[PDB]
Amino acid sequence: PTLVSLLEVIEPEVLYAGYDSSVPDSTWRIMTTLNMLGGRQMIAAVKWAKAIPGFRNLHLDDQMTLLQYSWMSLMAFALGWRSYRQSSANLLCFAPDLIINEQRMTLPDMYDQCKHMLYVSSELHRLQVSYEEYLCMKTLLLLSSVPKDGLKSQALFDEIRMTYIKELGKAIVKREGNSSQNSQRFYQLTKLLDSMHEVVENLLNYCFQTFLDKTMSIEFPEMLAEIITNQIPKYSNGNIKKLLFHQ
């Protein structure tokens, strides 16, 4: 079995938001529903990560660390892919029953939070990213940040990350290209991977502010509330090394 075929079989199933479309829309209502959906998607992301070849061989503490750092990049990247596959238009497909269409984008403060996620689906469409490249890229996003002091199984992590970089290369070679076009493709895709750090920085700014300001009455499920409570002091103390492919 090829490695990308093993990343393929563990793709999470499609989750529904449980969004009642008979009731009118509001930014608060959509944000609340998406936070509850995000918690369920994160629980599914943990089950997904545990099935990635090599991940369960890392120290349990490193498994927790990597999931705590990358959760938002995994969410935004999986959302970008689902949006890119469902429409050729500017729509965020959070769930089949909750798509942020052009009318929903006009809701107060909806666009400013949606725009960073729209960048992901725009880039995947502009770069015409394949299913195999996406799978390798999403696994690389789980391995895109480490603590500034490193991991307990750092040597093993460096070996695993290298293996999935090699996998991305193999997926690229399949796209009917020559050495010069494949050099351009690897560069373009690793640039999109690099840009995910800036996408996440912007989404986490909204996330952390919305979570800390209790007067907004924005509910976060236990799974997200726990990750956010862990992540805020780590960003505060500079405890993060964001891995980059380019400088």
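All residue numbers are counted from 1 along the displayed sequence.
Per-stretch averaging of Cα B factors for 20-28 and 219-227 places 20-28 on top. Stretch comparison (174-182 versus 43-51) by mean CA B-factor in the PDB entry places 174-182 on top. Taking the deposited Cα B-factors for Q113, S130, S73, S83, the highest one is held by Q113. In the deposited entry, the Cα temperature factor of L168 sits in the middle third of values across the chain's modelled residues.
Ranked by C-alpha B-factor against the other modelled residues of its chain, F208 falls in the middle third. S88: CA B factor lies in the highest third for its chain, per the PDB record.
Placement of the Cα temperature factor of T190 within the chain: highest third of the modelled residues, per the deposited record.
Sorting the modelled residues of the chain by their CA temperature factor places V4 in the middle third.
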